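Quick note on labels: first sequence line is chain A, next is B, and so on, each numbered from 1.
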Amino acid sequence: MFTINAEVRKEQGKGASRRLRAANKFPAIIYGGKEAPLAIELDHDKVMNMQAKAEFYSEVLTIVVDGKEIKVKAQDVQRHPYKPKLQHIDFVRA
Amino acid sequence: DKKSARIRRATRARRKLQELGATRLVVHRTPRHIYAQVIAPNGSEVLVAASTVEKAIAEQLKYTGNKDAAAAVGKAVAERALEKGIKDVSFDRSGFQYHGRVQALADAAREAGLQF
Amino acid sequence: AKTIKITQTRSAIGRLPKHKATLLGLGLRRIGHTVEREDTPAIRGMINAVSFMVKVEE
Amino acid sequence: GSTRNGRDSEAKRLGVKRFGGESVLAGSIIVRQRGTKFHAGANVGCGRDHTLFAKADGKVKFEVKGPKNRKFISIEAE
Amino acid sequence: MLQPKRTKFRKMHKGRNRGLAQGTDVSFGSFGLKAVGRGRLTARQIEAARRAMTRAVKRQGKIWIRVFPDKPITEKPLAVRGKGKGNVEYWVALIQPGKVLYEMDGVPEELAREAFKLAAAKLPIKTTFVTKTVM
RNA sequence: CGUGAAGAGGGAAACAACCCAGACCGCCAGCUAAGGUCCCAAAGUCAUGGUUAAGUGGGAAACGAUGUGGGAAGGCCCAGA
RNA sequence: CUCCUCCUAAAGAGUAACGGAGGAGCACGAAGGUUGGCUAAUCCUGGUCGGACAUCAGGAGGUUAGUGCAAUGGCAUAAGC
RNA sequence: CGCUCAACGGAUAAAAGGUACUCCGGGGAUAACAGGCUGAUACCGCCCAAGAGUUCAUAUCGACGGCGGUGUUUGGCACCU
RNA sequence: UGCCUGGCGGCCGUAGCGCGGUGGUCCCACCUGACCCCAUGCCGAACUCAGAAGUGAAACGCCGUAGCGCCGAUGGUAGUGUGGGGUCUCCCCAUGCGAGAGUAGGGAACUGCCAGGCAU
Ligand SMILES: [K+]
Ligand SMILES: [K+]
Ligand SMILES: [K+]
Ligand SMILES: [K+]
Ligand SMILES: [K+]
Ligand SMILES: [K+]
Ligand SMILES: [K+]
Ligand SMILES: [K+]
Ligand SMILES: [K+]
Ligand SMILES: [K+]
Ligand SMILES: [K+]
Ligand SMILES: [K+]
Ligand SMILES: [K+]
Ligand SMILES: [K+]
Ligand SMILES: [Mg+2]
Ligand SMILES: [Mg+2]
Ligand SMILES: [Mg+2]
Ligand SMILES: [Mg+2]
Ligand SMILES: [Mg+2]
Ligand SMILES: [Mg+2]
Ligand SMILES: [Mg+2]
Ligand SMILES: [Mg+2]
Ligand SMILES: [Mg+2]
Ligand SMILES: [Mg+2]
Ligand SMILES: [Mg+2]
Ligand SMILES: [Mg+2]
Ligand SMILES: [Mg+2]
Ligand SMILES: [Mg+2]
Ligand SMILES: [Mg+2]
Ligand SMILES: [Mg+2]
Ligand SMILES: [Mg+2]
Ligand SMILES: [Mg+2]
Ligand SMILES: [Mg+2]
Ligand SMILES: [Mg+2]
Ligand SMILES: [Mg+2]
Ligand SMILES: [Mg+2]
Ligand SMILES: [Mg+2]
Ligand SMILES: [Mg+2]
Ligand SMILES: [Mg+2]
Ligand SMILES: [Mg+2]
Ligand SMILES: [Mg+2]
Ligand SMILES: [Mg+2]
Ligand SMILES: [Mg+2]
Ligand SMILES: [Mg+2]
Ligand SMILES: [Mg+2]
Ligand SMILES: [Mg+2]
Ligand SMILES: [Mg+2]
Ligand SMILES: [Mg+2]
Ligand SMILES: [Mg+2]
Ligand SMILES: [Mg+2]
Ligand SMILES: [Mg+2]
Ligand SMILES: [Mg+2]
Ligand SMILES: [Mg+2]
Ligand SMILES: [Mg+2]
């Protein structure tokens, strides 16, 4: 039942990623299968609240990007070194 | 392993010959047969060759694995090399002792005309 | 062919030697000096090296 | 008090003297080294202190060759 | 008081302490005390905090120390002017933000929080209470 | 690496070495830099939206506290919190 | 207090301190040349005296050995035997 | 071929001390006093609370450790003379 | 033309280990003898010579198989040249360069010259 709304990233790299996290979003990547990887931006507060549930890391999530729905599983998460924040997430296509 | 031991034995002289840019006369010996190749300095092209597994050479020998066969192969490889107009090679014993069949082949090649 | 105008906007006092050499290669002599140069990747690289102290009119 | 340290030896000015692509004359030293960090390739010699030097005029070339991924220096005739 | 049983060398350059920590996850227990600040932790401090923690939990559960004081610190005695490096006097661990310093298991979370607060009161660096995460 | 030394001018109250900037001479012309625009003292008592009530601004730590502004959640609640 | 090796030394060279650590003031007519050959430590198992460790045999292992003497860089085509 | 000329670019073939009886040329390039910078040390506060206090951590002391203030001892430096 | 084998190279783990299977007409290997050429600091073990009864057992080659080794993105993170800034022991902003590790995944090599055997 986990649904996450995402945007396609229009800029990549250190500066753009830091600007995202200063604007209270964070970057993430969807890869796997035969499709090309998709780099996305997520809303930090909503996703941070969702990932508190243990089922976030075991269930099949749905990421809505540009209207299309993609079934994924959380694969890796980079956390802030000491704040309760998220830096990045890997999603693998399910 | 005997083969690995012999390859280790042969490596130093082969590397020296490659550094010198010489045309090699490489000998290979087995209990039943003996083989000779003349190899270009690049190490990957064979100019002439002769062995006891060739019918034209083996038909004139009682046994292909002795000193008489070695001498026949040496003479044949030297004659073919001279026909191609080579005349100047370096002997590569390939880790076999310079002795017996290998030496008989080398002596036959020298007598037939190869300079080494 | 196409040319661009480059003006020096800040002083050269105390800049790195490579930066002073780049200003020399652009032909810039003083604050407010404007020069006209051919638009090539080499010229663009010189501008990039000293971009904090020059301005470009295209 | 005092210290039991305080010693050192003079710097030996080792290293690469001619880099890849440089045109050299025969005899030129290409690298000074302790032992063979670099190995002698075509038209290069290895001296008694393992100095690699040009045996012909040409351009310096570095490459990695062989089963041990070793580094060789050769001279390309120009 | 932790200290290496033996070392290659007696004295170490001062160095610096930049960067973020490695070892930022609760890896052995369920709860952790994590550094938020940057600094040095002396062996005496590590041991004072360990004592405070252990007495708070009444020697129940299990406690891990994730840091070890492997850097020797020298001092020059009083009224000395040069003349060689001073004498090793104590040992420290370098701490960067994010470093998990202690972990606990086998106790309730409220008790672990209390014990860790008592411990943090012994340390020269700001800290925060963390819990194990599944990923 | 930069400046002083061997470098004046403007700023940082005053302050070789910081910031801006390199004084050939004259002008009772003009534009700017750093830094500034209530009076001393040249220029906004300028405009719009907020925050602070401590003269904080205009000296400092672990740590303490219903100071006050903002944000995302959570528990209970007209079946009465 | 001269000489050698490492680090400091900021991935070319060089780079200071009464900075951090170690060595030299020789040895060898073979321990030098060359040709031919060869490959280590350690452990396990079995075996007279013989035992934790002698020599023998097999296996594992793969240079964890070796290098006339410090340390570094090298060394199987061995520079090791 | 002859030098531990080892103070190792080697003053001579050949060399130790005292001066409070002292003297000259110099230096605040360099010590002793006082100032300055610093604040390890010193002194004075504070935080946590093991415990002592019949019970009771906080009447009164406060162990293991943590954070500051002063310029105030012992010192460091060598900036002024 | 294809298959198999031997020799010399290119390349230097996507190519190496392990595990399982498989090959003897030829080739290779083990193999059979040794008075002799030659040899053992003893030993025909090795080296060497003279051979061809036997066997593919070992070795070797080939085939299969991810249990390993090995290779390996995208994204993010670390660092950093230049310019600017802060609460300056450490960091942030603009711009440029951008890892290592880890993840998805790949992966049981490919190839040149000459010679021989078989089929064709
Ligand atoms: K100047
Ligand atoms: K005030
Ligand atoms: K109130
Ligand atoms: K260095
Ligand atoms: K010898
Ligand atoms: K002297
Ligand atoms: K005297
Ligand atoms: K006297
Ligand atoms: K103080
Ligand atoms: K002070
Ligand atoms: K106080
Ligand atoms: K009481
Ligand atoms: K005086
Ligand atoms: K493989
Ligand atoms: Mg940046
Ligand atoms: Mg300036
Ligand atoms: Mg050195
Ligand atoms: Mg450093
Ligand atoms: Mg580190
Ligand atoms: Mg002067
Ligand atoms: Mg000035
Ligand atoms: Mg001034
Ligand atoms: Mg001021
Ligand atoms: Mg003034
Ligand atoms: Mg104006
Ligand atoms: Mg006015
Ligand atoms: Mg107004
Ligand atoms: Mg004030
Ligand atoms: Mg260097
Ligand atoms: Mg450098
Ligand atoms: Mg210098
Ligand atoms: Mg100097
Ligand atoms: Mg020195
Ligand atoms: Mg000594
Ligand atoms: Mg040899
Ligand atoms: Mg001298
Ligand atoms: Mg008297
Ligand atoms: Mg006098
Ligand atoms: Mg004077
Ligand atoms: Mg002075
Ligand atoms: Mg005194
Ligand atoms: Mg004084
Ligand atoms: Mg009290
Ligand atoms: Mg106390
Ligand atoms: Mg005073
Ligand atoms: Mg004083
Ligand atoms: Mg001084
Ligand atoms: Mg004075
Ligand atoms: Mg004065
Ligand atoms: Mg035999
Ligand atoms: Mg078999
Ligand atoms: Mg990347
Ligand atoms: Mg990578
Ligand atoms: Mg295989």
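- Residue B:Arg9 places at least one side-chain N or O closer than 4.0 Å to OP1 or OP2 of G:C38.
- Nucleotides I:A115 and I:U89 fail the base-pair criterion, which asks for a Watson-Crick or G-U wobble arrangement whose two donor-acceptor distances both fall under 3.5 Å.
- Of the residues near RNA chain H, E:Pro77 and E:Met1, the one whose nearest nucleotide (by heavy atom distance) lies more toward the 5' end is E:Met1.
- With respect to E:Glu47 and E:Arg51, a salt bridge is recorded, a charged nitrogen being found less than 4.0 Å from a carboxylate O.
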**Item:** Per-nucleotide protein contact string for nucleotides 13-19 of chain G (B base, S sugar-phosphate only, - none; heavy atom under 4.0 Å)
**Value:** SSS--BB
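- Under the Watson-Crick or G-U wobble criterion, with both distances below 3.5 Å, G:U45 is paired with G:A57.
- Note that the CG atom of C:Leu23 and the CZ atom of C:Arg29 stand 12.0 Å from one another [nearest 0.5 Å].
- Remark: the separation of the P atoms in I:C68 and I:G100 is 25 Å, to the nearest Å.
- Applying the 90° criterion around 0 to the glycosidic angle, G:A70 comes out anti.
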Show every donor-acceptor pair shorter than 3.5 Å between a side-chain atom in residues 20-31 of chain A and any protein atom, with sequence neighbours excluded, or say none if there are none.
unit_1  : atom_1 : unit_2  : atom_2 : d
A:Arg21 : NE     : A:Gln87 : O      : 3.0
A:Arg21 : NH2    : A:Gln87 : O      : 3.1
A:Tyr31 : OH     : A:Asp90 : OD2    : 2.8

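- Side-chain N/O atoms of E:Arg81 include one lying less than 4.0 angstrom from OP1 or OP2 on H:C77.
- First and last contacts of RNA chain I with chain E, using any nucleotide atom under 4.0 Å from a protein heavy atom and ordered 5' to 3', fall at I:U80 to I:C91.
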**Asked** After noting the C-alpha distance and the side-chain angles of E:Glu109 and E:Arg113, does the key distance pass the salt bridge (charged side-chain N to carboxylate O under 4.0 Å, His left out) rule?
**Response** CA-CA 6 Å; E:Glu109 184 191 305; E:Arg113 283 190 185 266; 3.2 Å; yes
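- Judged by the sign of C1'-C2'-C3'-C4', the sugar at G:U77 is south, the angle being negative.
- Aromatic ring pairs are classed by plane angle as parallel below 30°, tilted from 30° to 60° and perpendicular above 60°; the pair E:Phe129 and E:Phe116 is tilted.
- In this structure I:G79 is paired with I:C97, meeting the Watson-Crick or G-U wobble definition at both distances under 3.5 Å.
- Toward the 5' end of RNA chain H, the nearer of the two residues E:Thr42 and E:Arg55, judged by each one's closest nucleotide, is E:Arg55.
- Two residues, B:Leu47 and A:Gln87, neighbour RNA chain I, and the one matched to the more 5' nucleotide by heavy-atom proximity is A:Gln87.
- For the criterion of Watson-Crick or G-U wobble pairing, both bonds shorter than 3.5 Å, the nucleotides F:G26 and F:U68 do not count as partners.
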